[PDB]
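target-v1.tsv follows; it contains TSV, N, CA and C atoms and all ligand atoms.
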```tsv
chain	number	residue	atom	x	y	z
A	1	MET	N	54.66	134.04	96.78
A	1	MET	CA	53.72	134.42	95.69
A	1	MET	C	53.81	135.93	95.41
A	2	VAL	N	53.79	136.73	96.48
A	2	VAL	CA	53.80	138.22	96.37
A	2	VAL	C	55.22	138.78	96.52
A	3	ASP	N	56.22	137.94	96.80
A	3	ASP	CA	57.43	138.43	97.51
A	3	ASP	C	58.30	139.31	96.62
A	4	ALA	N	58.35	139.15	95.31
A	4	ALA	CA	59.18	140.07	94.51
A	4	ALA	C	58.56	141.47	94.45
A	5	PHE	N	57.26	141.66	94.78
A	5	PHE	CA	56.68	143.02	94.85
A	5	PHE	C	57.12	143.76	96.11
A	6	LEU	N	57.64	143.06	97.11
A	6	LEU	CA	57.88	143.69	98.42
A	6	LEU	C	59.06	144.64	98.34
A	7	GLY	N	58.97	145.72	99.07
A	7	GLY	CA	60.07	146.67	99.22
A	7	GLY	C	59.61	148.08	98.96
A	8	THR	N	60.60	148.95	98.76
A	8	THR	CA	60.40	150.38	98.57
A	8	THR	C	60.69	150.70	97.11
A	9	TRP	N	59.77	151.42	96.49
A	9	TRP	CA	59.76	151.69	95.05
A	9	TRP	C	59.58	153.18	94.82
A	10	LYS	N	60.26	153.74	93.84
A	10	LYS	CA	60.09	155.16	93.53
A	10	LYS	C	59.69	155.34	92.09
A	11	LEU	N	58.82	156.31	91.87
A	11	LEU	CA	58.30	156.57	90.53
A	11	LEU	C	59.41	157.13	89.64
A	12	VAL	N	59.54	156.59	88.44
A	12	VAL	CA	60.55	157.11	87.51
A	12	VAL	C	59.99	157.39	86.13
A	13	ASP	N	58.72	157.11	85.87
A	13	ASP	CA	58.10	157.39	84.56
A	13	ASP	C	56.60	157.31	84.75
A	14	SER	N	55.90	158.18	84.04
A	14	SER	CA	54.43	158.19	84.12
A	14	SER	C	53.86	158.60	82.77
A	15	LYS	N	52.88	157.82	82.32
A	15	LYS	CA	52.17	158.07	81.06
A	15	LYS	C	50.67	158.10	81.33
A	16	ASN	N	50.04	159.20	80.92
A	16	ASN	CA	48.57	159.33	80.92
A	16	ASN	C	47.97	159.40	82.33
A	17	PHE	N	48.74	159.80	83.34
A	17	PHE	CA	48.14	159.93	84.67
A	17	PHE	C	47.10	161.04	84.71
A	18	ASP	N	47.33	162.14	83.99
A	18	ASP	CA	46.29	163.18	83.96
A	18	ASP	C	44.99	162.63	83.38
A	19	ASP	N	45.07	161.86	82.30
A	19	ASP	CA	43.86	161.27	81.72
A	19	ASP	C	43.13	160.43	82.77
A	20	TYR	N	43.86	159.61	83.50
A	20	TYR	CA	43.27	158.74	84.52
A	20	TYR	C	42.59	159.58	85.62
A	21	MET	N	43.33	160.54	86.17
A	21	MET	CA	42.76	161.39	87.22
A	21	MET	C	41.53	162.15	86.71
A	22	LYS	N	41.60	162.67	85.50
A	22	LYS	CA	40.48	163.45	84.98
A	22	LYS	C	39.25	162.54	84.82
A	23	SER	N	39.46	161.30	84.38
A	23	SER	CA	38.36	160.33	84.23
A	23	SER	C	37.66	160.09	85.58
A	24	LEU	N	38.44	160.08	86.66
A	24	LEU	CA	37.92	159.92	88.02
A	24	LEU	C	37.31	161.21	88.57
A	25	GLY	N	37.35	162.33	87.85
A	25	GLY	CA	36.77	163.60	88.32
A	25	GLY	C	37.67	164.38	89.25
A	26	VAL	N	38.97	164.08	89.27
A	26	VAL	CA	39.91	164.88	90.08
A	26	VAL	C	40.02	166.29	89.48
A	27	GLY	N	39.97	167.31	90.34
A	27	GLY	CA	40.03	168.72	89.94
A	27	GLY	C	41.35	169.11	89.33
A	28	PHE	N	41.34	170.17	88.52
A	28	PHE	CA	42.53	170.55	87.75
A	28	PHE	C	43.71	170.86	88.67
A	29	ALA	N	43.49	171.49	89.83
A	29	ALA	CA	44.61	171.93	90.69
A	29	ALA	C	45.28	170.69	91.28
A	30	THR	N	44.49	169.71	91.70
A	30	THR	CA	45.04	168.45	92.22
A	30	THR	C	45.79	167.72	91.11
A	31	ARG	N	45.21	167.60	89.92
A	31	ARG	CA	45.91	166.91	88.83
A	31	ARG	C	47.25	167.60	88.59
A	32	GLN	N	47.44	169.16	88.57
A	32	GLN	CA	48.72	169.87	88.42
A	32	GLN	C	49.70	169.28	89.40
A	33	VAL	N	49.31	169.33	90.65
A	33	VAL	CA	50.32	168.96	91.66
A	33	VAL	C	50.72	167.50	91.46
A	34	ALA	N	49.75	166.61	91.28
A	34	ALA	CA	50.03	165.17	91.12
A	34	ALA	C	50.89	164.89	89.89
A	35	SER	N	50.80	165.69	88.85
A	35	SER	CA	51.58	165.46	87.62
A	35	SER	C	53.07	165.72	87.84
A	36	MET	N	53.42	166.42	88.93
A	36	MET	CA	54.81	166.77	89.26
A	36	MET	C	55.29	166.06	90.52
A	37	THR	N	54.50	165.20	91.24
A	37	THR	CA	54.99	164.37	92.36
A	37	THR	C	55.54	163.06	91.81
A	38	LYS	N	56.45	162.52	92.57
A	38	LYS	CA	57.04	161.19	92.34
A	38	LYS	C	56.90	160.41	93.63
A	39	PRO	N	55.81	159.68	93.80
A	39	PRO	CA	55.62	158.99	95.05
A	39	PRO	C	56.64	157.87	95.27
A	40	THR	N	56.72	157.52	96.54
A	40	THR	CA	57.38	156.30	97.01
A	40	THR	C	56.28	155.32	97.42
A	41	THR	N	56.34	154.11	96.89
A	41	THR	CA	55.40	153.05	97.28
A	41	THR	C	56.17	152.00	98.08
A	42	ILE	N	55.64	151.66	99.24
A	42	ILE	CA	56.27	150.68	100.13
A	42	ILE	C	55.29	149.53	100.29
A	43	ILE	N	55.72	148.32	99.96
A	43	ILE	CA	54.86	147.13	100.05
A	43	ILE	C	55.55	146.19	101.03
A	44	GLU	N	54.86	145.87	102.12
A	44	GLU	CA	55.40	144.94	103.11
A	44	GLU	C	54.37	143.84	103.37
A	45	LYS	N	54.84	142.71	103.86
A	45	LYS	CA	53.91	141.69	104.39
A	45	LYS	C	54.27	141.33	105.82
A	46	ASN	N	53.25	140.81	106.46
A	46	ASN	CA	53.36	140.18	107.78
A	46	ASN	C	52.37	139.04	107.77
A	47	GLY	N	52.85	137.82	107.59
A	47	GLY	CA	51.95	136.70	107.36
A	47	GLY	C	51.12	136.98	106.13
A	48	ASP	N	49.81	136.81	106.29
A	48	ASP	CA	48.84	136.95	105.18
A	48	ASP	C	48.50	138.42	104.93
A	49	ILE	N	48.98	139.34	105.75
A	49	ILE	CA	48.54	140.75	105.64
A	49	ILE	C	49.60	141.54	104.88
A	50	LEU	N	49.15	142.20	103.83
A	50	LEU	CA	49.98	143.13	103.05
A	50	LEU	C	49.63	144.55	103.43
A	51	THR	N	50.65	145.39	103.54
A	51	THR	CA	50.45	146.82	103.75
A	51	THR	C	51.14	147.57	102.62
A	52	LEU	N	50.39	148.46	101.99
A	52	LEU	CA	50.87	149.22	100.84
A	52	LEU	C	50.74	150.69	101.19
A	53	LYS	N	51.89	151.35	101.32
A	53	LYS	CA	51.99	152.77	101.63
A	53	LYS	C	52.34	153.52	100.35
A	54	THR	N	51.73	154.68	100.14
A	54	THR	CA	52.10	155.57	99.03
A	54	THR	C	52.39	156.93	99.65
A	55	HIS	N	53.64	157.39	99.53
A	55	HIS	CA	54.10	158.60	100.20
A	55	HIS	C	54.52	159.64	99.17
A	56	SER	N	54.16	160.88	99.42
A	56	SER	CA	54.65	161.95	98.56
A	56	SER	C	54.61	163.26	99.31
A	57	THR	N	55.08	164.30	98.64
A	57	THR	CA	54.98	165.67	99.15
A	57	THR	C	53.56	166.21	99.11
A	58	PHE	N	52.64	165.53	98.45
A	58	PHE	CA	51.26	166.03	98.28
A	58	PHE	C	50.28	165.18	99.08
A	59	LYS	N	50.05	163.94	98.66
A	59	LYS	CA	49.11	163.04	99.36
A	59	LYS	C	49.89	161.83	99.88
A	60	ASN	N	49.53	161.35	101.09
A	60	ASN	CA	49.94	160.01	101.60
A	60	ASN	C	48.72	159.10	101.69
A	61	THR	N	48.91	157.81	101.45
A	61	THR	CA	47.89	156.80	101.73
A	61	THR	C	48.54	155.55	102.33
A	62	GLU	N	47.71	154.76	102.99
A	62	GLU	CA	48.13	153.44	103.46
A	62	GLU	C	46.90	152.54	103.48
A	63	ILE	N	47.08	151.33	102.97
A	63	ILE	CA	46.05	150.28	103.05
A	63	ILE	C	46.70	149.00	103.57
A	64	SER	N	45.92	148.21	104.31
A	64	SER	CA	46.29	146.85	104.67
A	64	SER	C	45.18	145.91	104.24
A	65	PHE	N	45.57	144.74	103.76
A	65	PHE	CA	44.60	143.79	103.21
A	65	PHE	C	45.20	142.40	103.22
A	66	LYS	N	44.29	141.44	103.16
A	66	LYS	CA	44.63	140.04	102.85
A	66	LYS	C	44.30	139.79	101.38
A	67	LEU	N	45.16	139.09	100.61
A	67	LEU	CA	44.82	138.78	99.24
A	67	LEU	C	43.50	138.03	99.22
A	68	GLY	N	42.64	138.42	98.30
A	68	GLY	CA	41.40	137.71	98.05
A	68	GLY	C	40.30	138.00	99.05
A	69	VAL	N	40.46	139.00	99.90
A	69	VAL	CA	39.45	139.36	100.91
A	69	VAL	C	39.11	140.84	100.72
A	70	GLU	N	37.84	141.13	100.51
A	70	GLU	CA	37.41	142.52	100.28
A	70	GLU	C	37.72	143.38	101.51
A	71	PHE	N	38.03	144.65	101.25
A	71	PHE	CA	38.28	145.64	102.30
A	71	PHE	C	37.72	146.98	101.86
A	72	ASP	N	37.35	147.78	102.84
A	72	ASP	CA	36.96	149.18	102.58
A	72	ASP	C	38.21	150.04	102.41
A	73	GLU	N	38.17	150.98	101.48
A	73	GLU	CA	39.31	151.86	101.20
A	73	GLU	C	38.77	153.26	100.93
A	74	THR	N	39.53	154.25	101.38
A	74	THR	CA	39.28	155.65	101.03
A	74	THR	C	40.50	156.12	100.24
A	75	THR	N	40.31	156.38	98.96
A	75	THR	CA	41.43	156.61	98.07
A	75	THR	C	42.03	158.01	98.27
A	76	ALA	N	43.15	158.25	97.59
A	76	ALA	CA	43.86	159.54	97.71
A	76	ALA	C	42.96	160.71	97.30
A	77	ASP	N	42.07	160.47	96.34
A	77	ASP	CA	41.09	161.45	95.84
A	77	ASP	C	39.74	161.32	96.55
A	78	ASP	N	39.72	160.69	97.72
A	78	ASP	CA	38.55	160.66	98.64
A	78	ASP	C	37.36	159.82	98.16
A	79	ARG	N	37.57	158.89	97.24
A	79	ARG	CA	36.50	157.93	96.92
A	79	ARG	C	36.44	156.86	98.00
A	80	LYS	N	35.23	156.54	98.44
A	80	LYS	CA	35.00	155.44	99.39
A	80	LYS	C	34.61	154.22	98.57
A	81	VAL	N	35.51	153.26	98.51
A	81	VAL	CA	35.40	152.13	97.58
A	81	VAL	C	35.45	150.81	98.32
A	82	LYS	N	34.96	149.79	97.65
A	82	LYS	CA	35.09	148.38	98.05
A	82	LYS	C	36.21	147.80	97.21
A	83	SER	N	37.24	147.27	97.86
A	83	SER	CA	38.47	146.85	97.18
A	83	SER	C	38.76	145.38	97.40
A	84	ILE	N	39.46	144.81	96.43
A	84	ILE	CA	40.02	143.46	96.61
A	84	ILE	C	41.31	143.41	95.79
A	85	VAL	N	42.30	142.74	96.34
A	85	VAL	CA	43.61	142.57	95.68
A	85	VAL	C	43.87	141.07	95.56
A	86	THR	N	44.33	140.64	94.40
A	86	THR	CA	44.62	139.22	94.18
A	86	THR	C	45.80	139.12	93.24
A	87	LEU	N	46.39	137.95	93.20
A	87	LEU	CA	47.43	137.64	92.23
A	87	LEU	C	46.79	136.93	91.05
A	88	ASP	N	47.12	137.39	89.85
A	88	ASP	CA	46.51	136.89	88.61
A	88	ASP	C	47.61	136.90	87.55
A	89	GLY	N	48.04	135.73	87.11
A	89	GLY	CA	49.11	135.69	86.12
A	89	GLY	C	50.40	136.30	86.64
A	90	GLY	N	50.61	136.22	87.95
A	90	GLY	CA	51.80	136.82	88.58
A	90	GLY	C	51.70	138.32	88.80
A	91	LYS	N	50.59	138.93	88.41
A	91	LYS	CA	50.36	140.37	88.60
A	91	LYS	C	49.53	140.57	89.86
A	92	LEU	N	49.82	141.65	90.55
A	92	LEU	CA	49.03	142.02	91.71
A	92	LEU	C	47.88	142.91	91.20
A	93	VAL	N	46.61	142.44	91.22
A	93	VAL	CA	45.44	143.12	90.63
A	93	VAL	C	44.59	143.68	91.76
A	94	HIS	N	44.47	145.00	91.80
A	94	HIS	CA	43.65	145.71	92.79
A	94	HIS	C	42.43	146.27	92.06
A	95	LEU	N	41.25	145.80	92.44
A	95	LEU	CA	39.98	146.26	91.86
A	95	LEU	C	39.25	147.09	92.91
A	96	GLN	N	38.83	148.29	92.52
A	96	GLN	CA	38.02	149.19	93.36
A	96	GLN	C	36.64	149.35	92.72
A	97	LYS	N	35.61	149.30	93.56
A	97	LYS	CA	34.20	149.43	93.14
A	97	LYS	C	33.52	150.50	93.98
A	98	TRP	N	32.78	151.38	93.32
A	98	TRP	CA	32.00	152.41	94.05
A	98	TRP	C	30.97	152.97	93.08
A	99	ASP	N	29.76	153.22	93.56
A	99	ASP	CA	28.72	153.88	92.73
A	99	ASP	C	28.52	153.12	91.40
A	100	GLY	N	28.71	151.81	91.39
A	100	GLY	CA	28.60	151.01	90.16
A	100	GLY	C	29.79	151.14	89.21
A	101	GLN	N	30.74	152.03	89.50
A	101	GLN	CA	31.98	152.23	88.74
A	101	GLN	C	33.02	151.24	89.22
A	102	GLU	N	34.00	150.96	88.36
A	102	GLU	CA	35.21	150.21	88.74
A	102	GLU	C	36.44	150.96	88.26
A	103	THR	N	37.57	150.67	88.92
A	103	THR	CA	38.90	150.95	88.38
A	103	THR	C	39.82	149.83	88.81
A	104	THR	N	40.79	149.53	87.95
A	104	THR	CA	41.80	148.53	88.27
A	104	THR	C	43.18	149.18	88.33
A	105	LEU	N	43.95	148.67	89.28
A	105	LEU	CA	45.35	149.07	89.51
A	105	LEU	C	46.14	147.77	89.45
A	106	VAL	N	46.85	147.55	88.35
A	106	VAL	CA	47.51	146.26	88.09
A	106	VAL	C	49.01	146.48	88.16
A	107	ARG	N	49.69	145.70	88.99
A	107	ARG	CA	51.15	145.80	89.14
A	107	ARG	C	51.79	144.53	88.61
A	108	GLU	N	52.77	144.70	87.72
A	108	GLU	CA	53.49	143.60	87.04
A	108	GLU	C	55.00	143.90	87.11
A	109	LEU	N	55.88	142.94	87.42
A	109	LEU	CA	57.33	143.10	87.40
A	109	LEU	C	57.83	142.77	86.02
A	110	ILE	N	58.54	143.70	85.42
A	110	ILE	CA	59.16	143.50	84.08
A	110	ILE	C	60.63	143.91	84.20
A	111	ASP	N	61.57	142.99	83.99
A	111	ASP	CA	63.01	143.33	84.05
A	111	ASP	C	63.30	144.05	85.37
A	112	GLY	N	62.66	143.64	86.47
A	112	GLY	CA	62.97	144.15	87.82
A	112	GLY	C	62.30	145.48	88.14
A	113	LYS	N	61.56	146.07	87.21
A	113	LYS	CA	60.81	147.31	87.46
A	113	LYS	C	59.36	146.94	87.73
A	114	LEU	N	58.72	147.76	88.54
A	114	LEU	CA	57.30	147.54	88.84
A	114	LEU	C	56.51	148.48	87.95
A	115	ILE	N	55.66	147.87	87.13
A	115	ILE	CA	54.80	148.62	86.19
A	115	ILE	C	53.39	148.58	86.74
A	116	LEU	N	52.86	149.76	87.01
A	116	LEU	CA	51.50	149.96	87.53
A	116	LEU	C	50.64	150.48	86.38
A	117	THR	N	49.61	149.72	86.02
A	117	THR	CA	48.67	150.12	84.98
A	117	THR	C	47.34	150.44	85.65
A	118	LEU	N	46.88	151.65	85.44
A	118	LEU	CA	45.67	152.20	86.05
A	118	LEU	C	44.64	152.33	84.93
A	119	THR	N	43.44	151.75	85.08
A	119	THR	CA	42.40	151.85	84.06
A	119	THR	C	41.11	152.32	84.70
A	120	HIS	N	40.51	153.36	84.15
A	120	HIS	CA	39.16	153.80	84.54
A	120	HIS	C	38.50	154.35	83.28
A	121	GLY	N	37.27	153.93	83.03
A	121	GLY	CA	36.64	154.32	81.78
A	121	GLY	C	37.47	153.82	80.62
A	122	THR	N	37.83	154.70	79.71
A	122	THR	CA	38.73	154.35	78.62
A	122	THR	C	40.18	154.73	78.92
A	123	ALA	N	40.44	155.46	80.00
A	123	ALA	CA	41.77	155.97	80.32
A	123	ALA	C	42.66	154.84	80.84
A	124	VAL	N	43.86	154.78	80.29
A	124	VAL	CA	44.86	153.78	80.68
A	124	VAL	C	46.17	154.53	80.95
A	125	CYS	N	46.61	154.46	82.19
A	125	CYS	CA	47.84	155.11	82.65
A	125	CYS	C	48.86	154.04	83.01
A	126	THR	N	50.12	154.28	82.65
A	126	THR	CA	51.20	153.36	83.00
A	126	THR	C	52.24	154.13	83.79
A	127	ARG	N	52.54	153.64	84.98
A	127	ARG	CA	53.55	154.27	85.83
A	127	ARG	C	54.59	153.23	86.18
A	128	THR	N	55.82	153.66	86.07
A	128	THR	CA	56.95	152.75	86.28
A	128	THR	C	57.67	153.14	87.55
A	129	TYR	N	57.91	152.15	88.38
A	129	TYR	CA	58.62	152.31	89.65
A	129	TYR	C	59.88	151.46	89.63
A	130	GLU	N	60.95	152.00	90.20
A	130	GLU	CA	62.20	151.24	90.37
A	130	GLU	C	62.46	151.04	91.86
A	131	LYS	N	63.09	149.93	92.15
A	131	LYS	CA	63.31	149.50	93.54
A	131	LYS	C	64.40	150.36	94.17
A	132	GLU	N	64.14	150.80	95.39
A	132	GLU	CA	65.13	151.40	96.30
A	132	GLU	C	65.86	150.30	97.11
A	133	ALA	N	67.17	150.48	97.24
A	133	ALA	CA	68.06	149.56	97.98
A	133	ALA	C	67.76	149.66	99.48
B	201	LIG	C1	44.65	161.31	92.35
B	201	LIG	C2	44.57	159.94	93.00
B	201	LIG	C3	44.24	158.82	92.03
B	201	LIG	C4	44.18	157.46	92.72
B	201	LIG	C5	45.53	156.92	93.17
B	201	LIG	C6	46.63	157.05	92.13
B	201	LIG	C7	47.67	156.06	92.55
B	201	LIG	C8	49.00	156.19	91.77
B	201	LIG	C9	50.40	155.63	92.16
B	201	LIG	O1	50.34	154.84	93.14
B	201	LIG	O2	51.39	155.86	91.45
```

What does the file become when written as structure tokens?
Amino acid sequence: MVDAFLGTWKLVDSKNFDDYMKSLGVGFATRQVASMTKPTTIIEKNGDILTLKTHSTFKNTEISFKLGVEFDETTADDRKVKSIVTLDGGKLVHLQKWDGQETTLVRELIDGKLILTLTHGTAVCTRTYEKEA
């Protein structure tokens, strides 16, 4: 179900990430640095447990979760959120909730590239990742 998402992915295109970060209240200096990083995202499974690593020269994160089971998460920008990840229409949908706010992180495979769509408020960011061999 999740298996074509698995592997190591590198950022190769980003649209509106500053808008997304600014909507979340990320400070200008953090948004500068983040606008020039190209993270590596690593998605692995072990049975029902998925681990998603995001690595860069600026911030690293790692989460582990079971699909469809809520988990606590502390995001790269230090939000303490309630999260759930599920498959919906073949897309991996990550919903974060905190302080009555939500944001979605939706991953879809198109022509072998992983497209991550980030939505918070009205801001919609699209980031494209290509698979590492
Ligand atoms: C400044 C941090 C905003 C939340 C995480 C952004 C994740 C983006 C990515 O995985 O490409």

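Compared by their closest atoms to residue 61 (chain A), and using only N, CA and C atoms, the residues A:14, A:75, A:86, A:96 rank with A:75 nearest.
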
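Take atom N of residue 18 (chain A) and atom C5 of ligand LIG 201 (chain B): the distance between them is 10.7 Å.
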
Discussion item. Excluding residue 54 (chain A) and its own-chain neighbours fewer than 4 positions away, which residues fall within 8 Å of it when counting only C-alpha atoms? Please give them as number ranges by chain.
Written reply: A: 39-42, 60-62

Could you list, with a cut-off of 6 Å and counting all atoms listed in the file, the residues of chain A near ligand LIG 201 (chain B), each shown with its nearest atom pair and the distance in Å rounded to one decimal, rows sorted by chain and ascending number, as CSV?
```
residue,atom,partner,partner_atom,distance
A:21,CA,B:LIG201,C1,5.5
A:75,C,B:LIG201,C4,6.0
A:76,C,B:LIG201,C2,4.7
A:77,N,B:LIG201,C2,4.2
```

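Going from atom N of residue 70 (chain A) to atom N of residue 24 (chain A) covers 23.5 Å.
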
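Taking only N, CA and C atoms into account, residue 119 (chain A) lies nearest to A:20 out of the set A:49, A:20, A:12, A:88.
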